[PDB]
Structures are given as structure tokens and as C-alpha cells.
């Protein structure tokens, strides 16, 4: 009865205020605007990955969307079994499948920009360390730390980045504990790249500011400024590393619907497509800080500066 897009995620939550929420929102917009339909399913454990993709393929969906590095192995296999079914992989790469499109993001380039903002706010308070909390480090996740460190060092090579890994994208309690550990050490800015877990990092920052501690958090995926309002007016969110997975999902769903699915291609959504970067409006960033950030953004887009894909501590 309708062209249908089906989303399979490893997360039990599409309202994570971040990544899964952006993907579902993009699929939802495509459906609403094109008189089509959509649905999703959660694959909590990997024993569910293959059967979940298979069921959708068995219903002859217009497009099957798989989110994240965890589902890659299952997509690689399943796409070969259903050569006529179109699949879209977000946040990972699949090769040798003419029925699969891989959407990847230049998140190292966008993270460079919030690294500049972080280093400037830290210097403002005489701090020589900033924090970074990441959900997991598999797949393309290391790009966030690589770019964040690069942006911080571009401002002041002496500022250290202190890293904490949660090893989960769905545990806010853990996010809060790791944020408390970093803030208790004297850090005043933390960039969180942790999906649902990250909501706990934002909560901890809100609680600290409420009681007079001059701390900040940088959000991810969505513009999380409102998520950080703690006293009715002010927000603890300095800025956010926005990642338009919604645009990717919506646009590729439309290509599938129209017959122009770019099967077998990896499409990079980067800083020049405005697919990653910071929000257009930033109440907590001064015009001077904004100028510095846009200056760097221009050099990255022109390739005058190339942002690494792995941080110093992860390189030989």
C-alpha cells in the first residue's frame, strides 16, 4: 500500500535526544512529505541483527536503514542475500554491495571546531585541561577525539585533553558519574559524544552550575542548547557538534523512492555540506570566539588544514 522505510537500531531508544532521534526524525520527515510510511525496530542484542534486517527485507520495504557500526557485519551479509533490497548504513562503511549506500560523517572536522571553542573557554578561566567523554570507541568513533584534540591544540598546545570512555550509549547514570569525575578534577569544559549516556553528562553539568560551579558541556548530534537550561534563563551547553544524520536519512530515502538510489557508494557528509559543525546561533559563544571558529572552518574546507583521523595518543 505504501513505499515504506524501516529503521533498525542497536539502541532501545529513538528519543535519545541525539543520534537515533536525528535518524528517526529524518526518516519521519521523508515519509510525511512524500505520503509514505515508516517504522523502526530495536535490536538490543546482536542475535537480533540478522533476523531484524531479514524480516524487513522479506516485507519488500522501499529502504532498510541500519544505524551504526554494530550492525555492519549483519548488513554486509544480508545485503548479499537480498540483492534486490536497498539498504542504507549510517555511521559505517560497506564495500562490494551495489544495493547498499554508506553514509559517513566528517565528524573529526566538526569536532575541531568545538575543540577551538573549548580551549578558548578554558583559557578564559585559566584552565589547562578540558574533558572529553565518549560512548564507545569502535568504528568511526575515534574521529571525534582526533578532531577535538586538534582544535584544542590549534588554540594552545599546552592544554591537555582528559578522556573517559563509557563503553555504552544508553546509560545516563554512567554519563553522570564520568562527568562528576572530570569536574571534580578541576576541568571546566567537557565535550560529550555519548548518545543517550550523554544526557547524564548534561544533567551533571546543570546540577553543578545550579550550585555555583562555573562548568560547561559541549553537546553532540542535535543542537542541545535547550537541554542544558538550569535556572530558567541560562544554559550550561557552550555549543554542540551538530551531525545531520537526519538530512542523510531523509535525502537517501528520497533517492530510493525516486529511483536514483546511489547503490554501492559511500557518501561523505562534511563541513562544506554543513552536515557537521556548530549551530548557526550560539548564545554562549562571543562574536570574537565565533570569528576564530569560522576562520578555522574555512581553512579546513579549503584543505589548507587537514584534520587527523586519530589522536596523538592513538598514533604510532
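Positions refer to the first chain, counted from 1.
K.L.:
Report the stretch with the higher mean CA temperature factor, choosing between 17 to 25 and 291 to 299 on the basis of the entry.
P.N.:
Averaging CA B-factors over each stretch, the winner is 291 to 299.
K.L.:
Between 266 to 274 and 44 to 52, which has the higher average C-alpha B-factor in the PDB entry?
P.N.:
In the deposited entry, the stretch with the higher C-alpha B-factor mean is 44 to 52.
K.L.:
From 214, 227, 221, 149, which pick has the Cα B-factor that tops the rest in the entry?
P.N.:
Of the candidates given, the C-alpha B-factor peaks at 214.
K.L.:
Among 91, 164, 171, 137, single out the one with the highest C-alpha B factor in the record, please.
P.N.:
Top of the list by C-alpha B-factor: 91.
K.L.:
Within this chain's modelled residues, let me know which third the CA B factor of residue 185 belongs to: lowest, middle or highest.
P.N.:
As the PDB entry reports it, the C-alpha B-factor of residue 185 lands in the middle third of its chain.
K.L.:
C-alpha B factor of residue 110, ranked within the chain: lowest, middle or highest third?
P.N.:
Ranked within chain, residue 110 CA B lands in the lowest tercile.
K.L.:
Please place residue 78 in the lowest, middle or highest third of its chain according to the CA B-factor in the PDB entry.
P.N.:
For residue 78, the deposited C-alpha B-factor lands in the middle third.
K.L.:
State the tercile, meaning the lowest, middle or highest third, of residue 203 with respect to the CA B-factors recorded for its chain.
P.N.:
According to the entry, residue 203 has a C-alpha B-factor in the chain's lowest third.
K.L.:
Residue 247: which third of its chain by C-alpha temperature factor?
P.N.:
Tercile = middle for this residue's CA B-factor.
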